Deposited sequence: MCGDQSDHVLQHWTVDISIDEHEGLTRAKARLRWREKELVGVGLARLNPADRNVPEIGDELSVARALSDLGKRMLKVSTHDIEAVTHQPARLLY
């Protein structure tokens, strides 16, 4: 049975509800790096819904930033 090598990383998501808006910050630490993404939403566009929307936007932002960082970590090798 050929090898499956598994690792586990965590994104910590902080959600701050203030003045009718919600700001989510998604923080990923791995190896020797850290990246953050941020998203915002109206708290009530149910406040659960504002939370979900700001987190969706934060995770999208983090993924887009991580794709750009990945690309640069590649081109730093291949020049």
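Stretches of the deposited sequence left without coordinates are 1-4, 50-53, 88-94, in sequence order.
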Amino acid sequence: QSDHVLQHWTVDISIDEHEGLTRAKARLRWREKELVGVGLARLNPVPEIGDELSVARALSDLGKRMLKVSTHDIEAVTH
From here on, numbers count along this sequence of modelled residues.
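Higher average CA B factor: 64-72, of the stretches 64-72 and 19-27. The deposited model assigns a higher average Cα B-factor to 46-54 than to the other stretch when 31-39 and 46-54 are compared.
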